[PDB]
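Single-structure report; data block below.
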RNA sequence: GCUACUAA
Ligand SMILES: [Zn+2]
């Protein structure tokens, strides 16, 4: 990026400097260094000459020197650069800054002065100031004339390297306040106050009394003093803040020492995990569980592991519906024996008989299905009636009627009372997992499963996934394709998939399942069936299977019993009562399952594939809560047990509680138990990779991947990365929303009331010194607040200004999202009236639904609560957008500034109320959400937001960093430590290491000195705080508001009052919880809920110290940061004692914490400091009121846990798996494209977090599978659109119609779904383009499109383009989307929806809205900027029936079934499809394909229509421009192993609602005026201004009068398509893990491309031309130049690196003339360099050719006193093209380029004795700049570099190679606790030249070739063998020159030239033996043939296989020559 | 609950 020379000198100046005024100048010099750097590279980007601080009076003299500068008055300014074209002078003053505030100042200053001579000379002078952003990198130019000149400018600039120097300078001097004084943009500017008057009540409040009670009396007054302090009044802002700092400095200075001095007190005794410590924990766990749960040893109490019973399919019987129905009927009737429900199952088969009348079932059912398939809506009013067939009364296809005559009254009861459990109505029941005869039973269940499921399907291993994605999986990694087959083949896959396909059909049936009906559900298996019994939503089902022989059935613990029938055996499973939410997951279980297996097995050959799948079905299908209780606690139980410092005992003895209800759970528990002990013995089995560090980051970082560790869930060995996956991944198998709300509300309530009681009874004291639970070290707090509050205001002065802007404090409440959102909200008051009326309605609807059930199968309160509970404070649920509307209409909210309204609300609202609703997430331990009043939301907003922008300043806080941005931060901080550790070790041990190499004589004396030295120590505290919210003093936060400098006194009074009320805040127990406790039935022994509510009197309990979970994150997080800031100071004083160095780095995120400590020792042992660090860690937490959970907290020597994002020893790594398990049931079930959109987004996310392409593609397959399974769009399904459309396969069917996503992953990762459309257009620009222009930019290939011929194209090719233009372009672009008939639902709670009723009811008032909205069309798309505007927007919104539904929650489970059932019904309205073709009702999916073709065939494809596609898609979006370029200019290079992974940021490829108001009326309300100009162009170029008006203007003559509906609906479309153009998208933080650091776009592109090709090897990427094009106005000049630079940089270095010094000019001269780099002649590139204005870059090149003149030297010398003859003399002994002396010791620079580019050279061969330097250029292996790599290289690699034309003495011929020394890589151990070797590049000695390397290679490798090709006991001598050699090398020329043969020839050649036998080799033709007659050149193939067989061969590596293949090839080939398949008639003609 | 008619 930047120059290396200036970096080194600026780094040294930071250490050299001591005083702040010296450090000041280093910051000033760094600005100019960046200033010129931007200018140097931009001048080449614009092709102009570079200049610096050139006077304006001289700039005119270049244009017109006839008038002298004295008489003509020119403005005396100092511009940077100038240009004169088109009779206009353009003045340049480039500058790099974040804001244009510094640019407009210099703009108007220049514009004013330049006008003095602008009218004097009558030549207009334009000011062109170019500014670039130093982080986001965006170009900003003010000149409009300059915009039209340069359409696109190349800006791949690097500031990343500049900020590295800034970090160093603001580290040493950043602590000193003398340096902070010098950096200022106003010193300190405090903005306008948010309030006018203070708060008197705050000083009176009893909580403020209680605050000062505990506090000491000097502190009491200080708090008074601090609040009343105004920062704007006193001379400086830090008057008070420093004053209170200096008071507490007595106790602080002492307490910092106190903690630090404990380093000597410590011992080598810390909570370390050990086999016994784990064992002890388990035993106390057993005791706990055996009390807390009812332990059972009986095998009848178990629950099903899986809720399914699979049995082998029967191919002998027919696979057809009607047949199976009767088959199961007779089968069920035929059941023989006696049980409980035997005669019940018997009659059920009897009630589904058809027999003779099989054909009547085929018709009757098809009529009913056809009746429903006609209508969009369901068939209402008409009564469904059954038809008597044999004994059964069929109601629908596979639906029957329960006939009360066919079953006994007693036998009907048995089935429903006992078996189905309809009418059945104290510890939990669990299985003893410590019983070996229970663990046995559990193991035998697995042994049983493996015995049956391992057996193959025997059916074709070809399903949609493999059929359509197999190709794209296989090419990524062939292993995974096979792995997939291995699964699909095995009964495992058929078992799950048939349960999936069966459940889909169980749900589909269960929807219309009545109370007098039992339904039958069949699957792809013709033995497996299911019976769905009447449900009293709840699905009641049994799996009924007809397995072959007895016990050829899989029972996981689900089966009721097997039964013998009259033909075979039939088994019926226990009645399962599951919920649709659970069942859904079972349907998507195969996708979950495949991923599980593939992820585990991936690239690990030691694992048993049949054992992975054996475990996987029991996970992917496990829907019980038994499993979650294992999967979650395991993650910590393993990691704790393999960490260094960690408390396992306590975690296993308290936090671990198995709920082993099922039988898999028992087996899985013991898998975990065992895995805990294996960890302890593997702690030291972890190794640390050899770190190849050579300045600016490291490649080959992180942990060593060694397969020495042991797996957890199955047998085999595993890698660390894989071990971690096996540890953490299990938890993501867990299922969401399993927690029954009835139980959650109780346990959530109980906990809050338990911890509040704790505080009420036990915790009384607030502050303390000894450090105790819920206590803060008040003196230490106040100081550490003061110190940080200073540094978080000194580093940014406008801090109060930044808060106002970024959080919209000044603007009206109606603008901020958090307030105008559709989130849940709590309303307080009295609703006893409507709450009673809303309840009794449902209590009647209860009886309504019961009355109807009494007729068919006779099986069978809010008033009470209010009457019973006296002190019941009444509340209600509402919406956040609705509350705002309510508070405005009743006028308490206004257009007053939101903060100004907040301040008043803090003092107005005095009592705060909060309610909780459960999340019920995948975790077994349930999480609560506290949601209270809207009034509260406003208060917390300010307090939290003020802390937000404060927290952002501190780099330690990470809640500030949105998205997965933390991952890179982990890395950047880990790398800083790995570097520091090395740097510091080399700085101390250098004195000792010198003596070691000196003596190494006797080695017995060396060990004495090698012991007594410095010792490295790294450690990471992977923390997790205990009860961050509940067990935390809220009183401490009062001080943060008090001490605050950027808060006014009248604000400070008001903030603290609200917080004073947030102590007397009440928790409302929601009614649903109170209803559970309403019906007593004997109360709880010790009822905590009743205790706190006084035997249930009030529904409110007061919560004090427990500030509610998530309400004060940032606030608490700043105090956390302040706490860890102390921990730093503690250790940093402790390590100065021992005399060494320490680097502590703390990452803070509310409750999740990570703190990395790196120490270089001298005195005491490493293990002492380990215990010391942990002591002060808890101390640091507890001195601030927070307590650290030592249970979950673990410490490693590498690993970093932080928010579950993991960084290893530099190498960042997340659990790629967790995101692949999302693409299964994560969608809103809207449409085929709409579903896939989010399912592929989940796959895109995996790639970010370092996922292999092979597995990435799997998710893409699964996603498609589920997507197509939802709407019956799979191959062979109903809506299968391959026959309906013209196409070969689903790759060619548009993804809008649902097909497959045919694109490269490197595109899908970037854009996705749209990629599939983009690839179909790039395919064309690689088919329908000529030989010229195709190799050039994409832009050029788009110009040729309008010169194509339409007739050339094919049916499919035409088909895409027609939809792509007439449909896709304008309409998340979908065409097919099913519409529903859903109802609005109950919207009574809403106030705002009532005001729509009143405006709809009263006549005229409706139209009045729409007529008002037409004069303000800004309020159709965006919400109002003012009260009325926002309010009336809310009412209009209700117009949409979709927005009315949006505020109601539909179950995705129910939504899923509704898209299956409504697929054969008319759902897609064609009206909205045909409208576009023209500019009936709903249409069925099948008909939608037909009716699309009837319209499509009519449309016309032109040479223009196609050119609109290539404009609107490619040429419009600068991103799509580059993506297409990257895939056309792509040149994939060297395949390499993924050694070093690094984090990389996604690059850039680039007023809202107020602008649209200035479009409605052209007058705005200055910068916003300029924004409308480009908006005018957008609407005029597309011409959508007229197109919209014409569409309305001709509709009023179509309809008749004035339709207000069309007046708006068409006007809204016009404003919504504006929104996307006007309101710009925020470039959110996206981090991709790549094989190296991506600085700029091009770098990112190359590394991204190469990461998503193969799994085993990543590839480095090249490009012919620049890929970064900006549009279709910008059509090469800037793409050419850089090629010339690359070329000559490459050549000069290749020449001075490898070619002999003596003959380097000749080489260059030969290369320049007859050669070409990247299809451009090197001469033309040289001419481009010579005609350029940066010749100073290529001084040594120009001198060597004789194209260097004095002007260049004079310029070069002026950039950073010379003569030509001086150079001519000086460089008489320096022979290099990359370097010439331009002084006494100053050499010239050529700037080295990478050597992976030399392949892009194409010229005639240059032969040098024997070597062909062209082939050395074209070589891959022999281009490394490492001596050892080339010395220890293969002869196969070198054998390409030989021609020799009969040379001699190989030693002589190698004279044309560099006899200059090469660079070797040396490595050394670092002497850390995690001991690793650093490897770096040295310069070797002298005898390490390129020649000697080649020679040593030749010698070593030829010796091995000789002994392999002896074929006798002689050698490479003895003509008896030379004859054999001649024979073997003869055939090689008379056969076929493939690739294997030629190598042998050239190797033999080499070997014979070496031995001095190259005076005959060239005169070696076929011997006399083989040649019958010498003259008559006849060949005896038979002889030759038998000669090849008669060759013995050798088995020495590496030639053993080489020779073997050669022989076979040559034999086969020879035999081929003979074998000529002649025509049968041919010979019959000749003779 | 969603639907169709009757009734206050
Ligand atoms: Zn030769």
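In this note's numbering, the protein residues as written are 294 to 2324. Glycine is no exception: its CB is placed at the ideal position from the N, C-alpha and C atoms.
Under the 10 Å beta carbon count, residue 1205 is surrounded by 16 or more other beta carbons and is classified as buried. Going down the chain, each residue whose beta-carbon is closer than 6 angstroms to a heavy atom of ligand 1 shows up: 2137, 2139, 2140, 2242, 2246, 2251, 2254. The continuous stretches of beta strand (DSSP E) do not include residue 1568, and DSSP gives it neither H nor E. In its chain, beyond the 5 residues on either side, 2095 have a beta carbon closer than 6 angstroms to the beta carbon of residue 2009. Using a Cβ distance threshold of 8 angstroms, residue 578 and residue 945 count as a contacting pair. When the beta-carbon positions are compared, residue 1519 and residue 1560 stay at least 8 angstroms from each other. Short of 7 angstroms from the beta carbon of residue 2124, and not among the five residues preceding or following it, lie these beta carbons of its own chain, in chain order: 2186, 2189, 2190. Cβ neighbours of residue 1062 within its own chain (closer than 7 angstroms, five residues either side excluded): 1070.
For residue 1027, same chain residues with a beta-carbon under 6 angstroms away, outside a window of 5 residues either side, are 921, 924, 1215 in chain order. With respect to the 8 angstroms criterion, residue 1495 and residue 1436 are not classified as neighbours on the basis of their beta carbons. Collapsing the DSSP output to three states places residue 849 in coil. Note that the C-beta distance between residue 1343 and residue 488 is below 8 angstroms.
About 4 angstroms separates the Cβ atoms of residue 1007 and residue 904, confirming a contact at the 8 angstroms cut-off. Three or more Cβ pairs closer than 8 angstroms define a contact, and the segment 1247-1256 meets that threshold against the segment 1918-1936. Taking 8 angstroms as the cut-off, the beta carbon of residue 1757 is found closer than this to the beta carbon of residue 666.
As a beta-bridge residue in DSSP terms, residue 1762 pairs with 1775. In the pairwise beta carbon analysis, the segment 1175-1194 is classified as touching the segment 1091-1111: at least three pairs are separated by under 8 angstroms.
Annotation: residue 642 is outside any beta strand (DSSP E); the continuous alpha helix (DSSP H) that includes it extends over 635-643.
In the structure shown, residue 582 adopts helical secondary structure according to DSSP, grouped into three states. Secondary structure of residue 1401 (DSSP, three-state): coil. Bounds of any beta strand (DSSP E) do not take in residue 962; it lies within the alpha helix (DSSP H) bounded by 956-973. At a Cβ-Cβ threshold of 8 angstroms, residue 1020 and residue 996 do not count as neighbours. When beta bridges are read from the DSSP output, residue 854 appears opposite 865.
Secondary structure of residue 1605 (DSSP, three-state): coil. Residue burial annotation: residue 1068 is buried, with at least 16 other C-beta atoms found within 10 angstroms of its C-beta. Residue 1974 counts as buried, since at least 16 other C-beta atoms from the protein chains shown sit within 10 angstroms of its C-beta.
One thing to note: residue 789 has its Cβ no nearer than 8 angstroms to the Cβ of residue 866.
DSSP, reduced to helix, strand and coil, places residue 1207 within a strand of the structure shown.
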